[PDB]
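Proteins come first, then strands; the chains are lettered A, B, ... in the order of their sequence lines, and each starts at number 1.
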Amino acid sequence: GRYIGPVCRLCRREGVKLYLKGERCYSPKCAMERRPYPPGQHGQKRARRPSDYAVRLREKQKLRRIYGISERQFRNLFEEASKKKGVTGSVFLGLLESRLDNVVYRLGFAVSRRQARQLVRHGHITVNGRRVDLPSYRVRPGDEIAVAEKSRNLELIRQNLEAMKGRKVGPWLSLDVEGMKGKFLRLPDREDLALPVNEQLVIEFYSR
Amino acid sequence: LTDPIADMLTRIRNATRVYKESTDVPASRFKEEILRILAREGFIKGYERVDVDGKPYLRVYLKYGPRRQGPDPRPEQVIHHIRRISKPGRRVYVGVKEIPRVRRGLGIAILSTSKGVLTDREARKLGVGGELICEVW
Amino acid sequence: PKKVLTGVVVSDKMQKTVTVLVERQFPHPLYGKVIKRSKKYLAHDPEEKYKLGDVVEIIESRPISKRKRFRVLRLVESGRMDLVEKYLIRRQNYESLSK
Amino acid sequence: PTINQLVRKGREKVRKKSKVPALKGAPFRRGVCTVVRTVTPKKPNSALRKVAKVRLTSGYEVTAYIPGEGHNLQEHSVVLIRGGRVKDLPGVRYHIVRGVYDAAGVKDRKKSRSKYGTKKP
Amino acid sequence: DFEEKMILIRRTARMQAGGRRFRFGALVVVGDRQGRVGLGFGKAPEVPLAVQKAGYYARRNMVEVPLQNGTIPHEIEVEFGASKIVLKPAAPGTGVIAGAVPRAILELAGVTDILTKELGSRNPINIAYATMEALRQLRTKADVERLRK
Amino acid sequence: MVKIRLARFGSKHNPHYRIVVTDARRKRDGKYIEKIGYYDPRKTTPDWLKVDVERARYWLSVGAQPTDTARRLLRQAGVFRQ
RNA sequence: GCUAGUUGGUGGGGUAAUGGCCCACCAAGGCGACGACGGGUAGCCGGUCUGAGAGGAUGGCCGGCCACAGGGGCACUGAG
RNA sequence: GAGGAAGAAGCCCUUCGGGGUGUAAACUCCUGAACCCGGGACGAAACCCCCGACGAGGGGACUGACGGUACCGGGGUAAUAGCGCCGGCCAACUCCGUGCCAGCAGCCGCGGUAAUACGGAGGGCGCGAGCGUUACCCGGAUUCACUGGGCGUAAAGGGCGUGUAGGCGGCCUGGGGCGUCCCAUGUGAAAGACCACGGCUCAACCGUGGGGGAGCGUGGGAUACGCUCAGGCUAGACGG
RNA sequence: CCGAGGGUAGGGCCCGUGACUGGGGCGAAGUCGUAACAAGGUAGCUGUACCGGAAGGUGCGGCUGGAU
Ligand code: SF4
Ligand SMILES: [Mg+2]
Ligand SMILES: [Mg+2]
Ligand SMILES: [Mg+2]
Ligand SMILES: [Mg+2]
Ligand SMILES: [Mg+2]
Ligand SMILES: [Mg+2]
Ligand SMILES: [Mg+2]
Ligand SMILES: [Mg+2]
Ligand SMILES: [Mg+2]
Ligand SMILES: [Mg+2]
Ligand SMILES: [Mg+2]
Ligand SMILES: [Mg+2]
Ligand SMILES: [Mg+2]
Ligand SMILES: [Mg+2]
Ligand SMILES: [Mg+2]
Ligand SMILES: [Mg+2]
Ligand SMILES: [Mg+2]
Ligand SMILES: [Mg+2]
Ligand SMILES: [Mg+2]
Ligand SMILES: [Mg+2]
Ligand SMILES: [Mg+2]
Ligand SMILES: [Mg+2]
Ligand SMILES: [Mg+2]
Ligand SMILES: [Mg+2]
Ligand SMILES: [Mg+2]
Ligand SMILES: [Mg+2]
Ligand SMILES: [Mg+2]
Ligand SMILES: [Mg+2]
Ligand SMILES: [Mg+2]
Ligand SMILES: [Mg+2]
Ligand SMILES: [Mg+2]
Ligand SMILES: [Mg+2]
Ligand SMILES: [Mg+2]
Ligand SMILES: [Mg+2]
Ligand SMILES: [Mg+2]
Ligand SMILES: [Mg+2]
Ligand SMILES: [Mg+2]
Ligand SMILES: [Mg+2]
Ligand SMILES: [Mg+2]
Ligand SMILES: [Mg+2]
Ligand SMILES: [Mg+2]
Ligand SMILES: [Mg+2]
Ligand SMILES: [Mg+2]
Ligand SMILES: [Mg+2]
Ligand SMILES: [Mg+2]
Ligand SMILES: [Mg+2]
Ligand SMILES: [Mg+2]
Ligand SMILES: [Mg+2]
Ligand SMILES: [Mg+2]
Ligand SMILES: [Mg+2]
Ligand SMILES: [Mg+2]
Ligand SMILES: [Mg+2]
Ligand SMILES: [Mg+2]
Ligand SMILES: [Mg+2]
Ligand SMILES: [Mg+2]
Ligand SMILES: [Mg+2]
Ligand SMILES: [Mg+2]
Ligand SMILES: [Mg+2]
Ligand SMILES: [Mg+2]
Ligand SMILES: [Mg+2]
Ligand SMILES: [Mg+2]
Ligand SMILES: [Mg+2]
Ligand SMILES: [Mg+2]
Ligand SMILES: [Mg+2]
Ligand SMILES: [Mg+2]
Ligand SMILES: [Mg+2]
Ligand SMILES: [Mg+2]
Ligand SMILES: [Mg+2]
Ligand SMILES: [Mg+2]
Ligand SMILES: [Mg+2]
Ligand SMILES: [Mg+2]
């Protein structure tokens with residue numbers, strides 16, 4: 001299904017922080033703040049020159065591991081974005097950002113995309129009233145994302161919305177902490193996402 | 001001789017590649033139409049009708065760029081490339097929707113259509129097609 | 001509509017029948033060059049008006065026999081023995097192609 | 001060639017040749033071993049490579065390589081063969097599949113077990 | 001100053017009484033990703049000296065590369081001693097579709113979207129020279145109209 | 001004889017019928033002479049029944065015999081209305 | 001190189017109907033290097049896979065047409 | 001799922017100081033696939049009967065294999081992971097064992113006592129209910145080159161003439177309009193491909209609508225070019 | 001009368017196989033010589049003819065992809 005093993009080793013391999021854990025990522029004990037070298041026996045040896053294929057593969061793997069999506073789904077989404085009219089990198093980023101689990105992670109109902117996946121799957125999230133239990137559901141502009149009425153009195157949800165009363169969501173989103181409900185206004189822009197990714201490298205990787 | 005049009009284009013290419021001022025070609029009306037198209041598009045300065053040994057000839061006046069600085073000071077060309085498309089051994093016809101775009105719009109294609117000898121842009125504006133004579137850029 | 005072809009009479013040795021050589025042109029499907037092909041048709045000629053060298057028009061018709069599904073519609077021109085000569089020379093050249 | 005020459009004669013397509021004709025269009029073939037022996041490779045390699053003479057269901061009789069360390073094949077063993085030549089052995093074009101019919105899997109194999117037909121320990 | 005990309009390293013040999021003696025050749029491309037690109041081929045008894053000399057030669061031979069929206073103004077086909085390069089503009093999302101040598105040359109020049117193909121001989125040095133020539137022959141519409149009218 | 005009937009399309013547990021005019025000996029999902037309407041028995045859509053009234057009138061006028069379900073659907077769409 | 005019902009004509013038989021489809025007689029024609037004849041292989045198409053395109057390969061399922069119903073031949077009934 | 005050690009034990013490596021597996025585990029908190037209880041489908045309104053006139057148009061009833069299934073509500077446990085690869089191409093490296101043996105191999109090639117290439121182990125990379133292998137097709141192969149190749153020495157000019165079919169052909173004027181081009185119209189079924197909308201909680205899948213589309217028939221138009229007919233010219237060719 | 005099929009006789013083409021016999025490709029070693037690459041120790045190559053264990057030799061003519 002998905003990757004369910006150790007997750008800081010992914011950050012150490014990619015050489016950058018992929019915020020895949022939530023609170024611990026901003027703590028001093030983040031593994032990228034203590035051992036910023038790749039895992040294994042040879043992580044502290046001098047790095048050799050990366051080939052072009054290595055560079056493009058690492059960039060694509062970074063982008064894929066940020067969202068925790070399998071390679072089959074990732075490639076299907078990429079081909080779909082390439083079919084659409086519009087700059088394929090921006091369209092691909094928008095399609096990735098429209099997944100329900102990512103949307104409820106950004107709205108603040110969860111602290112990590114993994115937790116957002118568990119929230120959506122376990123029937124705690126409703127889109128436009130009806131309950132949706134599929135992380136891959138694609139949110140269209142105007143859709144209302146919210147916590148189920150019987151799930152509002154949940155400790156995890158209560159704490160998550162408490163910790164977000166100060167934090168402000170992106171321009172492409174709206175949140176009502178009192179109303180416990182979100183709103184997807186438009187496709188996110190490429191500048192609105194603080195992604196350590198060059199999408200041209202991903203496109204060139206998939207041209208091979 | 002088998003291809004007067006290709007022969008004239010070859011005369012122009014050969015004379016241009018040595019930076020001559022003018023070149024002569026045996027006269028004909030179709031050749032005159034092609035030369036008029038070339039002059040209107042700025043690839044040549046012009047052309048005129050003269051007599052050599054009592055025979056009618058067309059004198060074409062070639063045009064070049066400014067002098068260049070360096071190891072090679074020969075001026076750059078205004079006719080970089082000229083090529084015949086339809087040949088006696090293979091005739092090429094295109095409809096109005098098969099009209100090629102040469103050099104993304106910097107080059108031209110010459111067409112023989114029922115409305116006359118036109119540039120590709122001219123033929124597209126008139127919505128007509130025909131034989132493809134040559135491409136120039 | 002009934003197909004009308006135009007050709008030249010190259011054989012009139014049968015009774016009430018003329019062989020008509022019809023030529024057609026078409027561009028080559030892949031190489032683009034225009035090429036010529038020819039085909040012979042046996043055509044019904046009940047009154048035996050048309051002879052060697054005649055350029056005539058024939059029209060698709062009800063079967064008159066085997067191999068005979070066209071009828072001579074009208075005469076186009078006469079005195080075209082040169083086309084017949086081309087066909088006969090081409091046929092004669094085959095005798096030297098054997099082994 | 002000229003356009004007219006191409007019209008007269010055209011361009012000739014390329015016909016490929018099968019390297020595994022004894023398979024007769026199948027991915028695998030069953031056979032019976034008649035001779036099991038060892039052969040020596042060509043220069044520069046030096047070894048004693050284990051091969052079997054196999055009479056197949058398709059009517060041919062071929063030589064097949066036995067991969068892996070140690071085998072239990074002998075005369076009248078039933079085997080499955082697949083395509084793939086052994087470079088340094090003359091005339092050997094097929095591989096015995098380990099773990100099928102009378103060809104046991106490689107004992108004590110720990111890596112790449114889907115090849116060599118060894119169950120998970 | 002410019003970004004530096006090392007395209008090729010190789011060791012060549014000559015013979016004398018005693019045996020073979022080696023030399024190193026470095027092909028290096030220098031550019032600022034804004035319209036300037038240059039190529040240099042340096043030979044030296046040692047690799048770092050070869051790279052330094054290649055960069056020094058590259059900085060002394062640059063082309064202006066008339067970019068427009070990250071692509072080239074028109075398609076171009078250029079031959080250099082049995083090597084052939086074909087370049088074609090593309091839409092803003094295409095990316096750079098090229099082999100390693102043309103990709104390095106075009107990326108350091110500021111090209112973000114292009115379609116390329118290598119034909120004939122695929123020798124890296126001659127392919128790089130052909131790419132440089134093709135970039136040298138690029139003309140915009142203003143250039144051609146300043147030339148014709 | 002010519003009949004006006006229902007040809008099944010869609011997928012398993014999701015039937016979608018086309019009201020078509022065809023020869024009676026053709027198999028029910030085979031080629032038809034022409035298509036005049038469509039029907040969705042589950043009514044999952046605001047417009048789950050459409051009929052070309054003029055064409056159905058023409059085909060009825062020349063001797064096409066509808067089936068019971070087809071006749072019912074044509075009556076609902078108002079083909080026999082006077 | 002092939003062809004002797006072979007190619008054409010006249011009359012007839014047969015068919016829902018044209019026709020050497022079949023028969024009798026008369027003429028000597030018909031086809032072929034634009035590849036006849038012979039040998040090998042093959043159900044054909046809408047489509048499918050691949051490919052930048054041009055092209056190449058392919059015709060499982062689904063829709064259309066054809067052929068066959070143990071291997072051959074034949075007719076009856078019938079609108080078929 | 002969240003938190004969770006300058007970081008336990010085991011295992012591997014070490015320059016003997018330590019390094020890695022690794023927040024990974026353990027451990028605490030949270031959620032609740034499987035399971036349990038209850039409810040419960042759509043797909044089925046016609047033919048049929050009554051009135052009206054066995055018409056049009058109104059009224060009523062019967063009919064479920066799938067199936068107690070999908071689904072809904074209320075309870076509820078921390079709950080399968082494997083396969084290939086790690087010399088270059090090609091992403092991912094160390095130790096031990098062996099010693100041209102055993103073995104690996106798609107190509108180049110590895111192995112003959114210090115093997116990143118064989119076997120095992122620790123570690124790593126790629127995918128993941130899959131991962132590999134064999135067979136076949138297209139691609140890469142511009143390596144049958146129409147788009148888009150060549151023939152002095154790399155494979156490739158016939159030993160040389162003459163010439164049949166065929167292919168190609170100078171300048172000017174008019175007619176035809178066969179090729180060629182344009183316009184309208186018929187056909188190019190459905191499904192599939194594309195675009196938009198829509199139904200299954202998404203998706204696959206499906207529905208609706210729209211647009212394309214080579215070729216072919218028909219009617220009309222154009223005549224620059226090719227063809228064809230006719231009349232001229234002398235720069236090609238031939239003759240004196 | 002035609003007629004599936006069966007029978008008889010003579011041909012054409014193709015496939016498998018055969019005592020024996022001819023060459024070909026290959027080989028981390030054998031026997032005989034040393035023809036070619038240097039003017040390769042007789043410049044080489046070449047068509048043809050004859051000859052010799054073998055590479056090859058010689059005659060006649062040709063080429064330089066040899067020299068002077
Ligand atoms: S704590 Fe740091 S290293 Fe670990 S998953 Fe979060 S961002 Fe990555
Ligand atoms: Mg031609
Ligand atoms: Mg013909
Ligand atoms: Mg014809
Ligand atoms: Mg008759
Ligand atoms: Mg013979
Ligand atoms: Mg030529
Ligand atoms: Mg070896
Ligand atoms: Mg493995
Ligand atoms: Mg070169
Ligand atoms: Mg070249
Ligand atoms: Mg090459
Ligand atoms: Mg008879
Ligand atoms: Mg007959
Ligand atoms: Mg006959
Ligand atoms: Mg088709
Ligand atoms: Mg495509
Ligand atoms: Mg295509
Ligand atoms: Mg079929
Ligand atoms: Mg059939
Ligand atoms: Mg049968
Ligand atoms: Mg049977
Ligand atoms: Mg009946
Ligand atoms: Mg009857
Ligand atoms: Mg955890
Ligand atoms: Mg129901
Ligand atoms: Mg129940
Ligand atoms: Mg529940
Ligand atoms: Mg590597
Ligand atoms: Mg090995
Ligand atoms: Mg292995
Ligand atoms: Mg060792
Ligand atoms: Mg390996
Ligand atoms: Mg190992
Ligand atoms: Mg591809
Ligand atoms: Mg290649
Ligand atoms: Mg190809
Ligand atoms: Mg290619
Ligand atoms: Mg070509
Ligand atoms: Mg070549
Ligand atoms: Mg040569
Ligand atoms: Mg040459
Ligand atoms: Mg040679
Ligand atoms: Mg060659
Ligand atoms: Mg040669
Ligand atoms: Mg010669
Ligand atoms: Mg020769
Ligand atoms: Mg001679
Ligand atoms: Mg001759
Ligand atoms: Mg001649
Ligand atoms: Mg001759
Ligand atoms: Mg001639
Ligand atoms: Mg016309
Ligand atoms: Mg259609
Ligand atoms: Mg929807
Ligand atoms: Mg549709
Ligand atoms: Mg018409
Ligand atoms: Mg002409
Ligand atoms: Mg004349
Ligand atoms: Mg034999
Ligand atoms: Mg000698
Ligand atoms: Mg010697
Ligand atoms: Mg010697
Ligand atoms: Mg010596
Ligand atoms: Mg000697
Ligand atoms: Mg000698
Ligand atoms: Mg000697
Ligand atoms: Mg010598
Ligand atoms: Mg010599
Ligand atoms: Mg001799
Ligand atoms: Mg003699
Ligand atoms: Mg002698």
Closest-nucleotide 5' rank along RNA chain G - winner of C:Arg62 and F:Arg25
C:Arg62

Quick check on RNA chain G: between C:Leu30 and C:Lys68, whose nearest nucleotide comes earlier from the 5' end?
C:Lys68

Could you check which nucleotide pairs with I:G44 in any of the strands shown, counting Watson-Crick or G-U wobble with both distances under 3.5 Å?
I:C63

As its Watson-Crick or G-U partner within any shown strand, both distances under 3.5 Å, G:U58 has G:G47

Checking the side chain of [X] only, and the main-chain atoms of [Y] only, is there a donor and an acceptor separated by less than 3.5 Å?
| X | Y | value |
| --- | --- | --- |
| F:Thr22 | F:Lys31 | yes |
| A:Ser27 | A:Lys29 | yes |
| F:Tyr32 | F:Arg18 | no |

Suppose we call a contact any N or O donor and acceptor under 3.5 Å apart; does that hold for the side chain of B:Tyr93 and the base of H:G179?
yes

Using a distance-only criterion (donor-acceptor N/O pair, under 3.5 Å, no hydrogens), is the base of H:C202 paired with the side chain of A:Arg138?
no

Using a strict 4.0 Å threshold on nitrogen-to-oxygen distance, state whether [X] and [Y] make a salt bridge.
| X | Y | answer |
| --- | --- | --- |
| C:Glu23 | C:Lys36 | no |
| C:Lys16 | C:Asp45 | no |
| A:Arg75 | A:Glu71 | no |

Between [M] and [N], how far apart are the [atom1] atoms? Round to whole Å, please.
| N | M | atom1 | result |
| --- | --- | --- | --- |
| H:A155 | H:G149 | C1' | 13 Å |
| H:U201 | H:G139 | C1' | 41 Å |
| I:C60 | I:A38 | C1' | 30 Å |
| H:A25 | H:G128 | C1' | 23 Å |

Counting only Watson-Crick and G-U wobble pairs, both distances under 3.5 Å, are [N] and [M] paired?
| N | M | value |
| --- | --- | --- |
| H:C27 | H:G213 | no |
| H:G87 | H:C108 | yes |
| H:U185 | H:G99 | no |
| I:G22 | I:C2 | no |
| H:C83 | H:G126 | yes |

Apply side chain to side chain contact (heavy atoms under 4.5 Å, CB included) to [X] and list each qualifying residue two or more places apart in sequence or on a separate chain.
| X | value |
| --- | --- |
| C:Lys33 | C:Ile35, D:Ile3, D:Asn4, D:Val7 |
| E:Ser121 | E:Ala82, E:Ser83, E:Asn123 |
| B:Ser114 | B:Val128 |

Let me know the distance between [atom1] of [X] and [atom2] of [N], rounded to the nearest Å.
| X | N | atom1 | atom2 | value |
| --- | --- | --- | --- | --- |
| A:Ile125 | H:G32 | CD1 | P | 13 Å |
| A:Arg35 | H:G20 | CZ | P | 5 Å |
| F:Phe9 | H:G199 | CZ | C1' | 18 Å |
| D:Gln5 | H:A145 | CD | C1' | 15 Å |
| A:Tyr37 | H:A6 | OH | P | 15 Å |
| A:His122 | H:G76 | NE2 | P | 14 Å |

Examine the side chains of A:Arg114 and A:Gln118 and answer whether a donor and an acceptor come within less than 3.5 Å of each other.
no

Can you see whether A:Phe74 has A:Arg64 sitting over its ring - NZ or CZ less than 6.0 Å from the centre and within 45° of the normal?
no

Cation-pi between B:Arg91 and B:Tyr93: NZ/CZ under 6.0 Å from ring centre and within 45° of the ring axis?
no

Do the six-membered rings of [N] and [M] sit on top of each other, with centres under 5.5 Å apart and planes under 30° apart?
| N | M | answer |
| --- | --- | --- |
| H:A46 | H:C47 | yes |
| H:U134 | H:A135 | yes |
| H:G111 | H:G112 | no |

Below 4.0 Å: OP1/OP2 of [N] and any side-chain N or O of [X]:
| X | N | value |
| --- | --- | --- |
| A:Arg24 | H:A24 | no |
| A:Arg117 | H:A2 | no |
| D:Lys50 | H:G103 | yes |
| A:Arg12 | H:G20 | no |
| A:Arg13 | H:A92 | no |

Checking contacts here: which listed nucleotide ([options]) is nearest the side-chain heavy atoms of [X]?
| X | options | answer |
| --- | --- | --- |
| A:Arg64 | H:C127, H:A102, H:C171 | H:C127 |
| F:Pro41 | H:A44, H:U21, H:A105 | H:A44 |
| D:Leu48 | H:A102, H:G124, H:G122 | H:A102 |

Just label G:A52 as syn or anti from its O4'-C1'-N9-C4 or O4'-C1'-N1-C2 angle, using within 90° of 0 for syn.
anti

Can you tell me whether the base of H:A25 sits syn or anti, using the 90° cut around 0 to define syn?
anti

Encode nucleotides 82-90 of chain H as B, S and - characters from 5' to 3', where the letter depends on protein heavy atoms closer than 4.0 Å: B to the base, S only to sugar-phosphate, - to neither.
SSSS----S

Counting primed atoms plus P, OP1 and OP2 as sugar-phosphate and everything else as base, spell out the protein contacts along nucleotides 22-45 of chain G at 4.0 Å heavy-atom distance: B, S or - for each nucleotide, 5' to 3'.
-------SSSBBB-----------

What protein N or O atoms touch nucleotides 219-223 of chain H N or O atoms at under 3.5 angstrom, if any, and at what distances?
from, atom 1, to, atom 2, distance (Å)
H:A222, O2', B:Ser114, O, 3.0

Partner set under ring-ring contact (aromatic ring centres under 6.0 Å, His included) for D:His95, not counting sequence neighbours:
D:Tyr65

Which residues satisfy the ring-ring contact (aromatic ring centres under 6.0 Å, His included) test with C:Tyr31, sequence neighbours excluded?
C:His28

Show the distances under 3.5 angstrom between N or O atoms of the protein and N or O atoms of nucleotides 214-217 of chain H.
none

Using atom names, set out every protein N or O paired with an N or O of nucleotides 107-109 of chain H below 3.5 Å, distance rounded to 0.1 Å.
from, atom 1, to, atom 2, distance (Å)
H:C107, OP1, D:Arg85, NH2, 2.8
H:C108, OP2, D:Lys87, NZ, 3.3
H:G109, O6, D:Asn45, ND2, 3.0

Pairs under 3.5 Å (N/O, protein and nucleotides 140-142 of chain H):
from, atom 1, to, atom 2, distance (Å)
H:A141, OP1, E:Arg122, NH1, 3.3
H:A141, OP1, E:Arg122, NH2, 3.4
H:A141, OP2, E:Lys117, NZ, 3.2
H:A141, OP2, E:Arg122, NH2, 2.7

Atom pairs under 3.5 Å, N or O on each side, protein against nucleotides 148-150 of chain H: can you list them with distances?
from, atom 1, to, atom 2, distance (Å)
H:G149, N7, D:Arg11, NH2, 3.2
H:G149, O6, D:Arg11, NH1, 2.9
H:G150, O6, D:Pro1, N, 2.9

